[PDB]
Amino acid sequence: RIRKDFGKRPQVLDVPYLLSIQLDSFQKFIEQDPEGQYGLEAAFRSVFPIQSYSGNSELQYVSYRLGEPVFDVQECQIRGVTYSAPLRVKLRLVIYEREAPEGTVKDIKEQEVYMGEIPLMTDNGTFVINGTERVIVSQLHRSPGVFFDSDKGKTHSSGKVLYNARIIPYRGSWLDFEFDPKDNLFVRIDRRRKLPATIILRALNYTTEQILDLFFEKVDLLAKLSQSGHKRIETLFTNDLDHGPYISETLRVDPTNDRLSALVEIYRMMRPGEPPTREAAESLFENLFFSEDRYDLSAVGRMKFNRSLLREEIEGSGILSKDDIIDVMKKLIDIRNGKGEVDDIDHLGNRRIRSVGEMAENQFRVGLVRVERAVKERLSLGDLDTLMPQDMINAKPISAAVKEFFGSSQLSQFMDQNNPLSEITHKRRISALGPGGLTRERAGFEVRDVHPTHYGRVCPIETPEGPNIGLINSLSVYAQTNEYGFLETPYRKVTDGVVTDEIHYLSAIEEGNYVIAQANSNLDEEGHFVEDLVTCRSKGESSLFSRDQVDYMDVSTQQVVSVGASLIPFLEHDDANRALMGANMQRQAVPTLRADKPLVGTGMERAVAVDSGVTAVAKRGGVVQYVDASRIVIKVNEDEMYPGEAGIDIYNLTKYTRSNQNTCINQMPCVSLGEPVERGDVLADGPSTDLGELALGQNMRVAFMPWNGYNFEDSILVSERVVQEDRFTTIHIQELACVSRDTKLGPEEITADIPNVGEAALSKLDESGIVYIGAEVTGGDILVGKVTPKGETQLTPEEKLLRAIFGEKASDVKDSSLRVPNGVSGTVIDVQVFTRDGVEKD
Amino acid sequence: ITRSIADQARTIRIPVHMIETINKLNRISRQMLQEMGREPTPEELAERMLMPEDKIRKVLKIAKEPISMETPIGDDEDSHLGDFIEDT
Amino acid sequence: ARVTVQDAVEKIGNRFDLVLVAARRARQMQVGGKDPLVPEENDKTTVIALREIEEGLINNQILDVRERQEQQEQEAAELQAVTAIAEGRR
Amino acid sequence: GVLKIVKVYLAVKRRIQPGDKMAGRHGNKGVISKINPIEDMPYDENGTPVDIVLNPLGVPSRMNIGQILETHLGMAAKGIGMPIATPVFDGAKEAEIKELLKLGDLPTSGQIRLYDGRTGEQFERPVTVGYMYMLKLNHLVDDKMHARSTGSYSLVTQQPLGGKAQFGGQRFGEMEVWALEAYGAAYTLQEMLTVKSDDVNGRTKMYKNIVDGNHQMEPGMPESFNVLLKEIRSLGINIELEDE
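Protein sequences appear in the order of chains C, U, Y and W. Counting along the first sequence from 1, when you hit position 60 you're at 60 in our numbering, and nothing is skipped either side. Residues are numbered in our numbering as their position in the second sequence, beginning at 1, plus a constant of 842. Residues are numbered in our numbering as their position in the third sequence, beginning at 1, plus a constant of 930. Residues are numbered in our numbering as their position in the fourth sequence, beginning at 1, plus a constant of 1020.
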């Protein structure tokens, strides 16, 4: 069968791993065997050394440990237990009687203690809490940094680029150095603590011959700085000094109870007052602390600092000398003269996401430091040398804020198992919901839409239709995120005419700083360009002319479409409206028996069923022993040929089983026995897919022509021949269960031999309590025989009257079995009986 | 202050030892957990206490709040906890 | 549409009137049995079912109307007095 | 207070039934209502009943014309016995497909002569016939047929509820009250407030009126009204009813 192809447009690179984001990121937190002390170790550096100083007690952290789990693996799926592995840390506590772990005498120390227990990752990369697997989706927010906004009104003031300076560390302080004329200088601290700024500079060692004598010459808007100093008409210098000139004593005048004096006044604002014995009662907050640094050693707050400001002084500020107040005020004037530092609000280069790897950090810290409020309570009751072992730290507190995140958060949802293809697309999205500060419900007409910078980043097509438009989206095919946050997209580089075939992954940060051309641009041999009017763009602004300005071009044209909207035949003929209404409904598909690959395709349906991990993939060569339609076993050649000595690796073929949304997830063996298979070979095809590509629906014929009215509005008639072949059969499957109780009357039991007055309950139940598999009746019958005595096995006289008319036969026990609920019945799949097993059941 | 709240604490009257029997089995649960490391099964504590094992389970059912009535459920508009119980 | 329905609104110069004409009297015919209805069995609806006719309906009694008659409180005062009506079994 | 647990599944083979929704990849949302018999089903020359008859009523508002290159091309690809590789924003062409349509069976434009199975006369202006990739979306249970007539009631509230075995009653929202007042009705307005909800002693008596073939009398006093008299009574204010 000859294969005639048309277009090709060869690509220098293929589609990266779609499930690469949620794999490497989570492996940078646990840190068990590979790395030593980095990820997880950073979590113990925040809580420890936990110091509850109450005399002579200190707890120091050493190292961690990951041993064996709680119990078996195949046992927490039938009880609802999150499979995890406890941790072991070293503690070193000291008693007032000088008892620190360092010797062998009078020095006790424990090394192995298991309390906390965090979940793990397996194969694909999905957690599992309370039986139901949980998946965490990364959200999008504005990266913390120094930006420049605007301010209404004013129309007669100063400030930075425009007006009010607005910075966002993370919690530290909102430094506001605005300028309001008239009299009092407008300056905030943390909220709105209003106070004259004329005494602030005085504290930082600045006389009246610095800020108002060498700055008022270039601007006469210092009516707020020439108030306290009071520099009216030229008069006698000495003997006429005020707050400004002098520093220590300072002028002692003010219409109020207290009195101002620069230095010894910054605290007088808070009534009543107290002696200057506290030189650092608040100044110790703007220095050595998590106030300034927005991340570990300014690993995030670096690009958004030295790039706009000047340089950098230590992680914080320092003692008396503060270079965090002078390096910021120099900007409010710099731009006031002529610079150009405007930051775009709706800019991708200013917003990054937080993968599961990062979310696993901040959520593990808040859960660990939670026990701190419990290790101090058990201390007040402590005796002497008995409060050393695990009599302080508790497992419950630390194992609480960790289980309430992977099952109870705005980023934790159930995976859509309606379609194997819809599975990967569910994680291939980024919700705009999250923090209340980084995300608001305000009217953002210029945000809830698509920006030109999303070209190659986020597919402007695949977006949930409805009120939540623009918020939720999806990742492109050639769109991958690094270890930072921003999305990185391949872009070939050029240098004046010549073009290099080699691509270059670049973030969205420099995307607006540099110019990017078009892929469909003419090009004749690497060296010369064939156009003088290159149609390129420059950060939400399509430019024109000039060929030397560009430095990057689009290598692929598929970078615009997502991973699910690229399977549809002919996209150029489809409108952006229906191109979405055909994708949001595609993820709501359902595996059908009669499933076949569409006659036409694009060649991307195969790469989907592979990365998704639907079909079985062998990891070692060898022949096939059995090929049952429910179990397949492959024997390898690593051990001597022995009936009971070999690499037995049974492949559990999941038959008709449940699902998150009552769907059908089965596999059909496509490989015969005898024929040797190797790595990459498919063992069994997935549910809704043939050979391993698409195959969601099917193809039928059609006599396109109206039918006398019957097809009014979206009304469609279907031939009966289609029903005859039952090509549209979907298995729903439900879930029933019978629970025995210890009633006061008397605990009941399940058995086939029931003292009932009927036989209908005996026809089914015959296998000693349980019933055989597969059959047929109707709703309102008996599934599990139940014998629960009522009325304390004592009949009433007046009752015997009623049954005396319709055959006197009142037995002590009756048949109170669970009847079938209203609706439609169905066959049974499996039957499980746990009559008090010797295992660890609760 | 330890006499008034010793009985008339909850909205409904509550015995004295009924609240003193809870913390009694508490200062021993962690006692065997800090040593062995396993949960104290209702077999070893049945020989140290005056309670068998069956009736002791029904005792916990009594120790509750229990629950109000005017609490939103799903509709959060007109639906109340005490508005779904049928009358006999 | 329906039988003799637009003819009742054209014969008299009002629509809201025809309402009570076949309302407070119709519902009263059932709570009073069927004997109060003295007119012949001619003015009665027709229901096709099992080759026979049942029910009764109304809208075929409006013929001899008048202005002032009885108040409005006695309509169901002496009505339920002369006839009690109920339901018994053997 | 539990001995052991017994789990029993309930697999159901849901077959095709008029009420679901069907949509392929282009967005041709539809719904089956009536199954067209084979007897009155027209066919082609060789005699081939239509698998499913669509609806040529609605196109200009969708603006998604592109599945044409899948129907015509799909028909010719069958006669020649080859897969078509068409990338994104590119692939086949109008002139390329037209050349391929030359082969196939006999037609080349797509419009084949359709013979009517009813009257027998051939339909004027032949219609197009080909293969379309559709899909049967899952039938949500949120649109299941529900209907309630009798159920349980509260104590202080005294209103229609909805348990498990029993269905739920449609709450007559206020939005439908004013629309009724516009007509200038009467009795049909007081009923959707008393017996049919609040009134209790007027609900039971009515049930014993339509059983013997009689008529229900006038409702009494609402329960949410006779209790308010006491609710306001505990507010230092006395309320008392009065007739004429």
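For each residue, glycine too, the CB sits at the ideal point set by N, CA and C.
query = Which chain W residues are close to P420(C), counting only those with a beta carbon under 7 Å from its beta carbon?
reply = Per Cβ cutoff of 7 Å: no residues; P420(C) is ~15 Å from chain W at best.
ask   = Would DSSP call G1222(W) helix, strand or coil?
value = When secondary structure is reduced to three states using DSSP, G1222(W) falls in the helix class.
ask   = Does the pairing of the segment 559-575 of chain C with the segment 529-540 of chain C give three or more beta-carbon distances under 8 Å?
value = No: the two stretches stay apart, fewer than three of their Cβ pairs being nearer than 8 Å.
query = Buried or exposed: which applies to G145(C), given that a residue is buried once 16 or more other Cβ atoms fall within 10 Å of its Cβ?
reply = buried
query = Along chain W, in chain order, which residues have C-beta atoms closer than 7 Å to that of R855(U)?
reply = Those within 7 Å of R855(U) in chain W number zero; the least Cβ separation is about 25 Å.
message = Residues of the segment 544-558 of chain C in Cβ contact with chain W at a cutoff of 8 Å, in chain order, please.
response = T557, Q558
query = Do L599(C) and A1097(W) have their C-beta atoms closer together than 8 Å?
reply = yes
The segment 87-95 of chain C / the segment 106-118 of chain C touching (three or more Cβ pairs under 8 Å) = yes
inquiry  = Please classify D524(C) as buried or exposed, where buried requires at least 16 neighbouring CB atoms within 10 angstroms.
reply    = exposed
message = Does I516(C) pass the burial test, meaning 16 or more other C-beta atoms within 10 Å, or should it be called exposed?
response = So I516(C) ends up on the buried side.
ask   = Since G1099(W) is in the alpha helix (DSSP H), which residue starts that stretch and which ends it?
value = 1088-1099
ask   = Rounded C-beta distance between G1124(W) and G1150(W)? I'm assuming under 8 Å.
value = Not really, about 11 Å apart at Cβ, beyond 8 Å.
query = Counting only runs that start and end within the segment 554-602 of chain C, where is the alpha helix (DSSP H) found for 4 or more residues in a row?
reply = Segments of the alpha helix (DSSP H) lying fully in the segment 554-602 of chain C: 578-581.
query = Nearest CA to the CA of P1239(W): which residue from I1252(W), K1216(W), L1255(W)?
reply = Of the listed residues, the one whose Cα sits closest to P1239(W) is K1216(W).
inquiry  = Among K194(C), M553(C), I168(C), whose alpha-carbon lies nearest the alpha-carbon of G497(C)?
reply    = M553(C)
query = With distances taken from CA atoms, which of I168(C), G7(C), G103(C) is nearest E1116(W)?
reply = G7(C)
key: Where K1228(W) meets chain Y, residues with beta-carbon distance less than 8 Å   = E1017
message = Could you check whether the segment 853-862 of chain U touches the segment 814-824 of chain C, counting it as contact only if at least three pairs of C-beta atoms, one from each stretch, sit closer than 8 Å?
response = no
ask   = Using DSSP with H/G/I as helix, E/B as strand and the rest coil, what is residue 843(C)?
value = Any property of residue 843(C) remains undetermined from this structure, which presents chain C solely from 1 to 842.
ask   = Under 7 Å Cβ-Cβ, which residues of chain U neighbour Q390(C)?
value = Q876
key: Spatial distance of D1064(W) from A684(C) (CA atoms)   = Computed Cα separation, rounded: 40 Å.
Partner residues on chain C for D1162(W), Cβ-Cβ distance less than 8 Å = In chain order: nothing, as chain C lies at least about 13 Å away.
task = Provide the residue span of the beta strand (DSSP E) that contains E117(C), from first to last.
result = 114-119
task = Please name the residues in the segment 1219-1244 of chain W whose beta-carbon is closer than 9 Å to at least one beta-carbon of chain Y, in chain order.
result = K1228, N1229, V1231, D1232, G1233, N1234, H1235, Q1236, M1237, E1238
message = Looking at the strands, I want to know which residues DSSP matches up with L487(C).
response = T481(C)
query = If you run the structure through DSSP and keep just helix, strand and coil, what is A703(C)?
reply = Strand at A703(C).
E985(Y), DSSP secondary structure in three states = coil
inquiry  = Against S1172(W), what residues of chain U qualify as contacts under a CB-to-CB distance less than 7 Å, listed in chain order?
reply    = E928
query = If you measure from the beta carbon of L1175(W) to each beta carbon in chain U, is any gap under 8 Å?
reply = yes
ask   = Are any of the Cβ atoms in chain U nearer than 8 Å to that of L1181(W)?
value = yes
Unbroken stretches of the beta strand (DSSP E), 3 residues or longer, contained in the segment 714-762 of chain C = 715-719, 734-739
request  = Please decide whether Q960(Y) counts as near chain W, where near means a Cβ-Cβ distance under 8 Å.
outcome  = Judged by the 8 Å Cβ criterion, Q960(Y) is in contact with chain W.
query = Near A752(C), which residues of its chain fall below 6 Å by C-beta distance, leaving aside the five closest residues on each side in sequence?
reply = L765, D766, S768, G769
task = Report all residues from its chain with a CB closer than 8 Å to the CB of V677(C); omit the five preceding and five following residues, and keep chain order.
result = Excluding sequence positions up to five before and after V677(C), its CB lies within less than 8 Å of the CB of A618, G621, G622, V623, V624, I634, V671, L683, all in the same chain and listed in chain order.
Close Cβ partners of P789(C) (< 7 Å) along its chain, the five nearest in sequence each way excluded = Apart from sequence neighbours up to five positions away, the residues of its chain that approach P789(C) with a beta-carbon distance below 7 Å are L745, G746, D812, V813, ordered along the chain.
message = Taking the alpha helix (DSSP H) that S46(C) belongs to, which residues open and close that run?
response = 39-47
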